[PDB]
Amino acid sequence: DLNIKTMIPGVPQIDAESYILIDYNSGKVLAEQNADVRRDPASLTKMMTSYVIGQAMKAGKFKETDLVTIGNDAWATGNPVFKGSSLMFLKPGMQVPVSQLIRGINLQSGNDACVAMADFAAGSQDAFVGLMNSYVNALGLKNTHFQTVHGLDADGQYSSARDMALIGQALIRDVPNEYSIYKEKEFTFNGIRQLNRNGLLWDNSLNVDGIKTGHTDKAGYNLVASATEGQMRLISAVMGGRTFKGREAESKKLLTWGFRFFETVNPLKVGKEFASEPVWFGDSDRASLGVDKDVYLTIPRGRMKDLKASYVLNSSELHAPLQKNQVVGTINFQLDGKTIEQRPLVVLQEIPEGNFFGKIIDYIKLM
């Protein structure tokens, strides 16, 4: 009858030590297990490296076509610390376009390429790690600290499924030109073809434009994945997966589960009037009320027509002056009579005080 419509879906068991599934637009956590346990991120570290780089290029600090000259510290076979790790095989003296180095970072997980771009972007690796951890602070991540540009095992570096899912959200949102690289399945440098090890890119059942893989014998098998269905986008991060086949199978389970049982809705957009309230002492009698940021809600799929919204005002009356985006109350979104999310009710257009004097006196005073 209606137990169907109010059904909570069982969450599938996940053969991973830590995971999280979130909606990209709404931020809603659909499923989680040990999402805040600090773990080693392995090459998921390179998501942040890519984020810092994308911010730099966004700010015009360098271009795709600028040629980086490879220094001694990015010499692949000149630094045995790189042994047994993925590399794009850079040698001192080469001039490699920025567009190729970031593809070594994102697609081949090339640790030498991270060193190349770090010195280029920030002058040194320490400076670049400083940018990384500063963006950790700027994004409000609470279980993430970086000590390398590549994600080779550093004793004091860690992250979490939630923080890595939030880093992936930040990538898609803040630096989309950089994020659009992760869907490329193959990249060739210096006559060596290497594959993007995110096998979900190959899965036709999903529209995975994918993020980053990572694996060390201490981290396990890590993968941050993102897919779309229509205009809904989900993000999954599993850490401590058992095998390469295991981490992708589990991630895919979360993404199809999330898509099948939940949907994302956009019930109100910025600048569209949600409500109207009288105003006192103003040049306008009424205030137009809405949101300063588009509302995205994640609800059970099919239940959109059952979504109801209402609002409360912080004060009994509204007195001018009122500014653009001044918060005067709360919008309540309810499903089945229960409030499922709130977002601030704000003034859509500033409303100054009365001032009804001769327009010319006004000018004259200025003049």
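Residue indices: 1-based, along the sequence shown.
Between the stretches 231-239 and 212-220, it is 212-220 that shows the larger average CA temperature factor. Comparing the deposited coordinates for 41-49 and 337-345, the stretch with the larger average C-alpha B-factor is 337-345. Sorting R162, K272, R260, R103 by the CA temperature factor given in the entry leaves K272 at the top. The PDB entry gives the largest Cα B-factor of the residues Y179, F120, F128, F244 to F244. In the PDB entry, a CA B factor belonging to the lowest third of its chain's modelled residues is recorded for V312. Among the modelled residues of the chain, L141 sits in the lowest third by CA temperature factor in this PDB entry. Sort the modelled residues of the chain by CA B factor and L152 lands in the highest third.
Among the modelled residues of its chain, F357 has a C-alpha B-factor that falls in the highest third, as given in the PDB entry. Sorting the modelled residues of the chain by their CA temperature factor places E186 in the highest third.
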